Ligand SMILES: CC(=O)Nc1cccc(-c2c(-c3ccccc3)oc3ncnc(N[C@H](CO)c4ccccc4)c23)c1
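Just one chain follows, in the form solved without the ligand, and it is written as structure tokens.
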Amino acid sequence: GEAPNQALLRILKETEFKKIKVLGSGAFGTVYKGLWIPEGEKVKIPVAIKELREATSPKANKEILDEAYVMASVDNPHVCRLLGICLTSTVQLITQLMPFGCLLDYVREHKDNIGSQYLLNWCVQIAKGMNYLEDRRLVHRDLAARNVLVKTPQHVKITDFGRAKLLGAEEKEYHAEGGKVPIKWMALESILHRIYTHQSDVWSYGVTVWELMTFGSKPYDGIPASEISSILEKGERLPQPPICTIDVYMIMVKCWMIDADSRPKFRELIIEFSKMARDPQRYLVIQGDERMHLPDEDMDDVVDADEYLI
């Protein structure tokens, strides 16, 4: 009882974009920075290209394609968009370029210059992005600060849909078997029974917010991952970050209740944080908050992917 996915998957030629730099590298493959020029259009689009390392199992190619499947069927201002894929002797994914990169990396290198207005704004945008995912009945299953990218300091997007699995019309929960998982971000439901729902994503939202509020601290640092299940069962949670009013921390704690029903909805999270974003100083106490402020390659035909539509 669900609607046809009429999303368009676009196939891009090798000649159609220019690799200009290297961002990150791995055995799986490396990430390039470059410009995407669909010629005949007279436009250059800054993209992040993830070029496969041709030393790959068939199984590896697939995992990316399913993420590519997921990314192509989403259209939200706060969800990272897929531009297309290139079937070279190695399948590479072309996505919009996020110059400031990881939000987790961003808060850590700018701890000195991040104000309450920004922190609260991000919370709203992520809740907005996650809510879209709920409307499209999808579960991210890996919501973390490391998986939120920064287009501009005022605009962040959700990414990393490798573990993002969708539910059909009559589903509420569904199980997985194994593989390496982010224990510290996961609800108790998921650790004990491998059960992932939208409310399990609400948990990871609270952890993600806690990451931002602590300016990139590690949840349950020092504590081995083995003890997490046991500790949460004892009723222990993450400590209240110093800059947080009780109002903000109250909301985080709500994301961490054993009863998933008791947890807030993303639509509810948008409302509360939006309330707080109107009066940022009342809800986050940061030193020098009053004076904080935050911020190339031929760039005349440059358009950003968001302004480029099909």
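One rule holds for the numbers: they count along the sequence shown, beginning at 1.
Not pictured, yet referred to below: the form deposited with the ligand bound.
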Subject >> Contact of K184 with the ligand in the deposited bound form (heavy atom, 4.5 Å) >> reply: no
Original post:
Does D160 reach the ligand in the deposited bound form, with heavy atoms at most 4.5 Å apart?
Top reply: yes
Original post:
Is there a heavy atom of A48 lying 4.5 Å or less from a heavy atom of the ligand in the deposited bound form?
Top reply: yes
Original post:
Taking the shortest heavy atom distance, is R146 within 4.5 Å of the ligand in the deposited bound form?
Top reply: yes
Original post:
Using a 4.5 Å heavy atom cut-off, which stretch among 278-286, 258-266, 24-32, 245-253 contacts the ligand in the deposited bound form?
Top reply: 24-32
**OP:** Go through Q125, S116, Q96, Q240 and name the one with a heavy atom inside 4.5 Å of the ligand in the deposited bound form.
**Re:** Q96
